[PDB]
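Architecture and fold: a report
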Amino acid sequence: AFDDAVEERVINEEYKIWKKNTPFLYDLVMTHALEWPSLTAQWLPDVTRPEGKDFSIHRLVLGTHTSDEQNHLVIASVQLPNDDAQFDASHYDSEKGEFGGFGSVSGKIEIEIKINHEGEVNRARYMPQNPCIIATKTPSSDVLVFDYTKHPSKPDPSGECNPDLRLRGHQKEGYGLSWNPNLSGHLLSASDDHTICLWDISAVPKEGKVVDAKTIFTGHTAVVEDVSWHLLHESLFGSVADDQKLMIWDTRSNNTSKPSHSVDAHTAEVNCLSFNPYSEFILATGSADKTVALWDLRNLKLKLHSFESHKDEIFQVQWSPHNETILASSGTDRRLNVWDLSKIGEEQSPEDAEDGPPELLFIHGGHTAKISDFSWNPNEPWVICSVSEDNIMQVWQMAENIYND
Amino acid sequence: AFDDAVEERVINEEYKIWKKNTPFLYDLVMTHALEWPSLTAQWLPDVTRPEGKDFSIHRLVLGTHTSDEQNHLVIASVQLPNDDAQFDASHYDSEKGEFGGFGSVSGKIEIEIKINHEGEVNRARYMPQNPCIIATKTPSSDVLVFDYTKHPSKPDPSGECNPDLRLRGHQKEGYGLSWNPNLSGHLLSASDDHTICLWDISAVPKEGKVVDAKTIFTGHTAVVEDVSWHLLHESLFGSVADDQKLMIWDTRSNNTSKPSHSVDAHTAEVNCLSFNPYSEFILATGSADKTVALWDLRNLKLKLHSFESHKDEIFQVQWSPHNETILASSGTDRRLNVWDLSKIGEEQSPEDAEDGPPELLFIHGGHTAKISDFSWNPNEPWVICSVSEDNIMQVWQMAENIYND
Amino acid sequence: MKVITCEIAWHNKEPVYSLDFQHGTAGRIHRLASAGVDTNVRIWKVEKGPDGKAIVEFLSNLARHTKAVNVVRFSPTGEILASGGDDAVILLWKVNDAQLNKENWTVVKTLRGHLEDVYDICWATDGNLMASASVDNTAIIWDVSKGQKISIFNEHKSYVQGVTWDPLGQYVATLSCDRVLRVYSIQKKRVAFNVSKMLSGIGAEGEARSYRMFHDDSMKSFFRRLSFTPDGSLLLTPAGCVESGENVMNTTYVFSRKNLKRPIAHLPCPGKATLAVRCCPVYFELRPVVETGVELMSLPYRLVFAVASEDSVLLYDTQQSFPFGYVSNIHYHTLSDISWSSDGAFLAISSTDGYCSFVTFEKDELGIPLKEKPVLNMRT
Amino acid sequence: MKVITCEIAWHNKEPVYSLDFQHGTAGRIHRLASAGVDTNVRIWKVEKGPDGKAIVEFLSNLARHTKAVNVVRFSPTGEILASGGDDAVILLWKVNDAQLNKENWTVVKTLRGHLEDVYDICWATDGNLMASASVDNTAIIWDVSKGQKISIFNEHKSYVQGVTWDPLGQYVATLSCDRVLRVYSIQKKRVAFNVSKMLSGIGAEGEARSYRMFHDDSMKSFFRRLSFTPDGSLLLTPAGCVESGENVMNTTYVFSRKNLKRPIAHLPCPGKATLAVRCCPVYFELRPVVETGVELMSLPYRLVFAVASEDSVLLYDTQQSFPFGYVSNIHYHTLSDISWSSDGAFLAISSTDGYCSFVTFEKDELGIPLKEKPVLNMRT
Amino acid sequence: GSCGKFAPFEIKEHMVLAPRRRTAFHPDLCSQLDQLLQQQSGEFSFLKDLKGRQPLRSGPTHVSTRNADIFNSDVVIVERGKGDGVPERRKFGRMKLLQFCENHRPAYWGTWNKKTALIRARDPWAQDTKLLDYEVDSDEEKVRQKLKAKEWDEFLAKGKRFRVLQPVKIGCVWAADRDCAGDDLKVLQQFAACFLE
Amino acid sequence: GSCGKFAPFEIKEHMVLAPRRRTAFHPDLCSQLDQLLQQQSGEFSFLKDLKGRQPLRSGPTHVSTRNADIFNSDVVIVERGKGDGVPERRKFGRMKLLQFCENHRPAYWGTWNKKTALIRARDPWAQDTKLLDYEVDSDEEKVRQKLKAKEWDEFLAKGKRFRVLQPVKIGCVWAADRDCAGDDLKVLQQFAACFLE
């Protein structure tokens, strides 16, 4: 009806005005249209710095969401200018009064590796101990594990994929997936089957192809939306489910049906969680309340704070790897919110409070659809890649004067 | 029956012994198996010499002969070591007593451009005034003209070709084709229709695609096997036909049914002819007599000499571009004979005469099938590329001690 | 970090004796000054290229010196360039508004009063006082504004091969060839501390085994350039010897303000002897600390410095025991002087073979700079 | 052809005055000898790399000379190396079977009798006679086997800056600074031909306009190295002047054996003055001839040679009027000497700025060598 | 580092890996965490301590491999000519890269020094009229010599009047050549021999 | 040189074209040929004149472009060490390249100095026993320093005892680093500060 047309017109006008205002708010904007929408996006730890060049090359792991076509797990390359090259007195525009000029310097985005994948790539996450190993979530009950160095750079002529490992623990599809950063080969997956599955692929023989579930946790009574290992403890891991619950599990606990700790995190479905890389006690959970709750592991009864500037459901929350006080959250409201922890509870001018709470730092509204997934760049600070539903991938970085000042 | 088996066994043994004896007779041997047999082979005048590299890159124009597949006009690249790099004290094998070792230095042969082609490529010849323009003879009555810079590097997804020019003068297929080296755009073709067709493509509009025959010569009473322009005269050209006749035509002559000169060249079919690049009076014609006749344009009644060391029909005769006294002839006897003019009528020892006439210099018997077509390299002396019926292409060069001495 | 060794001689293949960056720069491009035996003081423009490799642009040549120039030092404001040489006269250069010069420099003051070659020069924090060491066994303190000598220290018994000025304005440290470290009180104008000998444990029969801290004449470097910490807390003196076992080991001694007659510690440099010490002027936030008594000094910030021996450069910071950097075998002869850039992104090293080199650091590679530089508790 | 200019100084950035290849080599790798102001004669090994660029390997250093070495020449057999310099003594070196030498050379004969600097040396075909030109206005012919002087020519009035020996053993040609070319009969030991003046057509008023052929002292090169053709038919003398218009133009004169008092022709070199002439020792088959009276001499073969001026090298052959090669602006100062390799694949050029260069040719690029070298009609 | 049947990760020649940890390894940490996991004492307030100290940060990933980046420079830059006298580059800030997939106009690579008080990061859609016209931007579409060592020596010898040499070489041009360029033929004819009789 | 609707041939950066003619252009030549085409006089014998003169030849195609090949060498080669004392390379002739598509064994790139009197070019299949066993070959499968100008100066200063320096650089290694290599950590621990009390 008229709802779709009005929404499309408003979104187009908002994107136009955002593009017009982009120079004041960003130091880097790279809009790219992918072949198919990507439900997942993750920065690879590889950064290749070719000597004698003014740029570095980063890599991204993405998926494809085809309604009736062949689905692909994609590894793509992005070129980003070097910091020393960001100061260059090449040309001086005497009219606009800037050292600008569009010129020919541009970011190069290209697809490097495409691998077949049966079904949509719900979420792909590489193993930190070995970036060659990538685990993918399918719309089936199995979780796939690929090694992109053991597959051709171009897809097979036909047929489905040939996964290196197949993990069969669930009964339904899922979206939560996380490797253990302290125990190599330990993988945690969450699905709609109300269970969390833990696999240990560190003892697979050379000719092995199927791995059964090492452990199954059945504490949650609803769809387990996300699961994530603790970044410093090889035993503790958190999970957020549709039952408005966040559970902290210990693998040393013999009870696989009751978590070591349970918290009524929110008033609706909690879709994501992430641990702070610099503090072993602090984590964050994004909910359907349009809220992000801050949790201290030393005091789980009290919610540390609630970030409340989102306008719809929140699906991904990730911490900044270069700053403990910086948080990011994306959702269906076509916005990516960046928050500063050190600005919580500060006084605010009457017109500044109109924009939002003092903890809110930045708003990214360059996406015309739901932001499927975003990821911080672990090598270049303040660089975020976000992929949305309308096959749009954007690698961007906000202006230096916003965070540095 | 037993004929095929005996022939295969004898040819395999002969190829094995030739391969074993190859170090004594050649300074360069490069055997490559093509995807499909090639009926034509011509060296392109391009030689790319990358600075700081120990090799040069030459190019070859070839055809494909598929029984029921898609036919292609091929432009391929061949790497040849530089002369300065042929002396190298890299390793010294104390066992074999040579500065040898197989190592990793090898010739690189790869296909660069493939263009669709309706029907087999009977013969492809580039225009000397513009190597981008290549004329091909099809099994149809039309002659095609392509510009490989106006076509994709990879063939079309399906369908036949889109030739740049189509010349319709004949009624049947043919094999003789030659550009005018003194008048740009003048092309001569010979076919089984007993006629020779001359086209002038020097006035084709940009959107023009079909060119009618400018002139038709009907002197021959049999299948006109080959036609060739004179290398210094923009008006005279020779032709050899199945009627045992060689005719010299003048384009200034108004009689298109009677040549300016006619010679009963041989006692059977004459398949090829070629003019000497250093002498405007001397030419050579290869016949089905297993003979190559030398002709002087100043005295056409008398045959200058008859090379009589071939064992079967002769299909291609080409002069060496770097030596006027050196001639080459190939045929169905799977042999490529190289002859020295300066050794005609010389005394010979009784055992040397067993091998052949004194004018015979070299024999190339590395082909296990009929040599479809060979060509001298115009840039590297004594380098010959020969393609045979069993999809075998060989770029070779005989030993220095054979001709220099 | 990256190392860029220059393949083109700056002073006609003659030895390069000193280097110093323009401390007054506040941007990304820096000004460097080099002294050589060719009687020329050359000023260059140093900046990083698009790839990150240092690029050197020639700016000016100063040929007023008649003999070899041994020491070149910039004022704290970067406005006055002090050059000392074998002619016993110190030239003070300034930019004024000669075919090869992109920019022009002229002598403002000619400080005279030395009798032999001048080897080291140190400025005061306020920039109105200077200190210079010379071969004539005297260290002379000059009034920069008046352009005249104000004090002479003749307590040395050999060549004075290094002088540093306290950033808090209390002491002046001199290192001489007599294996003696001297600390002069800036207010009393006399000798406050003498540091020559050092004991090492108990003997074998309880005797007080005491040797000499510093190197003998065997040193291959003209210079013994010690340095104070930018905050002033620590004093680093190169060309030291420690009798660990039956054999001596080269080291750089580290002293505290609390007691100047005994060093806190020594950084050992096996191989050749250390000759230069230069500190990075950037105060860095502390690294994630593994709790240990490893730090040289316990303060909320840390400071990176470099110790240059005859054939190597060791990069230390405040809190770590082991150096975080080590570079060696980049020059065929003895190094002469090292100098940090204003932003800490460059470390220029000069050697007597005639060629210089740069050590470059990426953004925040050395550490996280403090938001506000700490205020100094000056004595004066 | 390829041009490879050497970016590394062979003689410590001092001027290089002479170059000569070892004519006795019969392979692909060659031996080159260079003289410089550094009182050193350096022998190097020159060969082409895999790509075709010349590569120079250092072999030996000869430091017996006390002053600058101006001329270095190899014997026709390549066994004796003649070196002359400012010390007025010519050293004859031979290979014998000192830390820097890969191979060792020692002095065999010390030819003495000159009073000033020696500028040019020329061998005889048999290798038993030598000729040398010096600043002392004398050209001395020496007996190589006896190691003693056999004749002295003192007819010069200024410095003698070039001497060549007739390959047919009949004449010796000397070029001096007095703008006079002298041709001495080898048997009479006297002056056979004097070539100083030259007329140019008919004057405007019917007069006989006659000027001087050769350049004055204004030439920036010490040398006027003329050369005979390897067959001996022609004589090429650089540093010539032709009054084409109202101003003179630099040129190289070409004389015949039939008459030595008037040149056949002159090759003009607009710009700087020609100083050196060196011929390729390879006899080449004639090019496809367009029939004209253009050839300098009419013989079944042809010979390639090079004329080096102050800042350029012109590559001529026998039959063509215009040079087939021209190279210029590869050195910042005046060129000194040129030398062909035994096989004709190398042309070494030396210049006074301190760096040398090579001109390399691919196989049969210059032409097709004769199967048999023509026999010479020796006079003796 | 081989996990299961998979080979360990292969680091390329110029590859760098982001650090796996952002904090120094504390031995007892986990144990203490375990205690703090069961005590559940609300005595600790992290947000209170956040404002009392500096945030924990880390810099961009840099190379730390042994003998990784070691380079040599054989060039000295000499600048001649007044030029246009462009303003100081340092006062113009970082060069921003703004590229869009749907823009026909190429990517923008340049600085931005326009100043506003309405376009806030808190509100990306906040309009600032009278300074920025909100219409579609994409509607339609002296000397710095790099002397080597020898050239640097020559420059020192001469000065500002010195210029680098441009070598002029003419290949083998013969009288029989037909496809040879006429320009080289005339340049070589400029040196044509002149005969006298 | 555009013929019809086709653009002229584009010569690449390092391309060379073989000459279109092999003889100098004679103006009256064609005319004379026409006469000799009509007279048909057998007075001329080409084979007779062939043996009385040298054959007309031409060399390999070389580069003749203006300012085409101009290079600079900054290296002098210094050879040290007796080595193995291998024979003279010059006496071994050209290195032959023999490669075959059907051979599993890689291509052969080396000289061949075996001497026979039976393997003739007139008869490739002529067997030579007692020297070559006719069986299937494919069954299964000191220092030369390149000194730069500075290194050359140092070599002249020192002599044969001189060796080029090998720079040793250790990247930023911190106590808090966890993935840092342990060898660099120990090498830097070798310089660990020693305290006195």
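Determination of this PDB entry was carried out by X-ray crystallography to a resolution of 3.57 Å, according to the record.

Another aspect to go through is the pairing of strand β28 (residues 383–388) of chain A. Residues and elements named next belong to chain A. Burial within β28 is extensive, with six of its six residues counted as buried. Residues of β28 alternate between two faces, with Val383, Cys385 and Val387 on one and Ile384, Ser386 and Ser388 on the opposite face, all of them buried. The pairing of strand β27 (residues 371–376) with β28 spans five bridges and is antiparallel. Paired with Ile371 across the strands is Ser388, a residue of β28. Connecting β27 to the next strand, β28, in antiparallel fashion are six residues, including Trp382 with a positive phi near 65 degrees.

Here we come to the interface of chain C and chain A. Contact with chain C, which involves nine residues of that partner, is made by 10 residues of chain A. Between chain C and chain A lies a buried interface of about 760 Å² when both sides are counted; carbon and sulfur atoms form 41% of it. Summed over the shared surface of chain C and chain A, the number is two salt bridges.

With that settled, consider the pattern of salt bridges. For the structure shown, the criterion picks out 92 salt bridges over all chains. Between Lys20 of chain B and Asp137 of chain F there is a salt bridge, with the nearest N and O atoms lying 3.5 Å from each other. Of the two residues, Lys20 of chain B sits in helix α1 (residues 2–25) while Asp137 of chain F sits in the loop between β5 (108–110) and β6 (143–147), which places them in two different chains. By relative accessible area, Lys20 of chain B is classed as buried at 12%. Here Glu57 of chain D and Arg144 of chain F are joined by a salt bridge, their closest N and O atoms 3.1 Å apart. With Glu57 of chain D in strand β5 (residues 54–62) and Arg144 of chain F in strand β6, the pair connects residues from two separate chains. On the accessibility criterion, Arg144 of chain F (40% relative accessible area) is partly exposed. A single network of salt bridges, built from pairs that share partners, joins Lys45, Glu47, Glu57 and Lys102 of chain C together with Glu79 and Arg144 of chain E.

Below, the discussion takes up the sheet that holds strand β16 (residues 236–241) of chain B. Think of a sheet as strands paired side by side through backbone hydrogen bonds, with each pair either parallel or antiparallel. All names here are of chain B. Spatially, the four strands line up as an open sheet ordered β15-β16-β17-β18, and their pairing is antiparallel. In this open sheet, the two edge strands, each paired with only one partner strand, are β15 (224–229) and β18 (261–263). Going across the sheet, the axis of each strand differs from the next one's by a mean of 15 degrees, ignoring polarity. Across six bridges, the pairing between β16 and strand β17 (residues 245–250) is antiparallel. Paired with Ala241 across the two strands is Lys245, which belongs to β17.

All names here are of chain B. Within strand β4 (residues 71–81), 11 of the 11 residues are buried, leaving the element largely enclosed by the surrounding structure. Judged by which residues are buried, β4 turns out to be covered on both faces: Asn71, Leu73, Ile75, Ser77, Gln79 and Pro81 on one side and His72, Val74, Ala76, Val78 and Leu80 on the other are all buried. Bridge count for β4 against strand β5 (residues 109–117) is eight bridges, and the pairing is antiparallel. Across the sheet, the residue bridging to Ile75 is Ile113, located in β5.

In total, this model carries 88 aromatic pairs over all chains according to the counting rule given. Judged by centre distance (5.2 Å) and plane angle (80 degrees), the rings of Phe58 of chain D and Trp152 of chain F are edge-to-face. Of this pair, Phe58 of chain D sits in strand β5 while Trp152 of chain F is found in helix α3 (residues 149–158), placing the two residues in two different chains. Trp152 of chain F shares its class with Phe58 of chain D; the two are buried.

This brings us to a positive patch on the surface. A surface patch of like charges, here positive, comprises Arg80, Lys82, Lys142 and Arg163 of chain E. The residue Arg163 of chain E is located in the loop between α3 (149–158) and β7 (168–170) in this model.

Another point: the environment of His65 of chain B. Residues and elements named next belong to chain B. Locating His65 in the fold gives a position in the loop between β3 (55–62) and β4. Residue class for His65 comes out partly exposed when judged on its relative accessible area of 32%. Placed 54 residues apart in sequence, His65 and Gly119 show a C-alpha to C-alpha distance of 8.1 Å. Non-local contacts of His65, meaning those with residues more than four positions away in its chain, are made with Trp36, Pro37, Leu39, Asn71 and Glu120. Within the local environment of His65, its side chain forms a polar contact with the side chain of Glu120, the two groups lying 3.0 Å apart.

Residues and elements named next belong to chain B. The strand order across the open sheet formed by four strands is β23-β24-β25-β26, and the pairing between neighbours is antiparallel. The sheet terminates laterally at β23 (314–319) and β26 (360–364), the two strands that pair on one side only. With direction set aside, neighbouring strand axes in the sheet form an average angle of 20 degrees. By the bridge criterion, four bridges tie strand β25 (residues 336–340) to β26 in an arrangement that is antiparallel. Paired with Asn337 across the bridge in β26 is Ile363.

Counting residues in hydrophobic clusters, the biggest one holds 66 residues, and the most contacted among them are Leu246, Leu327, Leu341, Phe362, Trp376 and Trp396 of chain B. The contacts of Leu246 of chain B, once residues within four sequence positions are left out, are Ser239, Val240, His261, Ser262, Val263, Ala265, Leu273, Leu283, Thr285 and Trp295 of chain B. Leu25, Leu236, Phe362 and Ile363 of chain A belong to the second largest nonpolar core, which has 53 residues in total.

This part is about the side chain of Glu103 of chain D. All names here are of chain D. By the secondary structure assignment, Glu103 is in the loop between β8 (89–95) and β9 (105–112). A distance of 2.8 Å separates polar atoms of two side chains, one belonging to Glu103 and the other to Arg31. Side-chain polar atoms of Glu103 contact the side chain of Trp105, separated by 3.0 Å. Once residues within four sequence positions are removed from consideration, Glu103 is found in contact with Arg31, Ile43, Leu59 and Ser60.

With 24 residues, helix α1 (residues 2–25) of chain A extends 33 Å from end C-alpha to end C-alpha; this agrees with the ideal 34 Å at 1.5 Å per step. Where α1 of chain A bends most, at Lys19 of chain A, the angle is about 35 degrees, and the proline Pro23 of chain A comes one to four residues later.

Calculation notes
Counting starts from 1 on each chain and follows the sequence as written, independent of the entry's numbering; residues without coordinates are not shown. Chains and ligands are labelled by the order in which they are written, letters from A for the one and numbers from 1 for the other. Values shown for side chains rest on all heavy atoms present in the structure; no hydrogens or waters enter the calculation. Residues with missing side-chain atoms are left out of burial classes, side-chain pairs and their counts. Working definition: with a 1.4 Å probe on protein chains only, accessible area under 20% of the residue-type maximum means buried, over 50% means exposed, and in between means partly exposed. Each helix is a run of DSSP H or I of at least 4 residues and each strand a run of E of at least 2, with the numbering of both proceeding from the N terminus. Strands are labelled as partners when DSSP assigns at least two bridges between them. Note on contacts: a residue pair is in contact if any heavy atoms of the two residues lie within 4.5 Å. Once two parts are brought into contact, the accessible area they lose, counted with a 1.4 Å probe and summed over both, makes up the buried area. The term salt bridge refers to a pairing of a side-chain nitrogen on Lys or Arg with a carboxyl oxygen on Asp or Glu at a separation within 4 Å. Helix axes use the C-alpha atoms of the stretch in contact, all axes being lines fitted to C-alpha atoms, and the angles between their N-to-C directions lie in the range 0 to 180 degrees. Pairing of aromatic rings covers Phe, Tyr and the six-membered ring of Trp, with a centre-to-centre limit of 6.5 Å; geometry is then stacked below 30 degrees between planes, edge-to-face above 60, and tilted otherwise. Every patch collects residues that have over 30% relative accessible area and no salt bridge, joining them within 9 Å if they carry like charges and within 5 Å if they are nonpolar side chains (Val, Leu, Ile, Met, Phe, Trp, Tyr). Note on areas: Shrake-Rupley, 1.4 Å probe, and residue coverage restricted to the protein chains presented here. Counting rule applied: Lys, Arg positive; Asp, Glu negative; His and chain ends not counted. Where a charge sits is defined by one atom per residue type, namely NZ (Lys), CZ (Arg), CG (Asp) or CD (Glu). Under this definition, polar contacts are N or O atom pairs within 3.5 Å; protein pairs additionally need one hydrogen-donor-capable and one acceptor-capable atom, and for neighbouring residues in sequence, both atoms have to be side-chain atoms. The term nonpolar core refers to a set of buried residues drawn from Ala, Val, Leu, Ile, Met, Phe, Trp, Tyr and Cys, joined through side-chain atoms within 4.5 Å. One less than the number of residues in a helix, times 1.5 Å, gives the span that helix is expected to have. The bend reported for a residue corresponds to the angle between axes fitted to the seven residues ending at that residue and the seven starting there.

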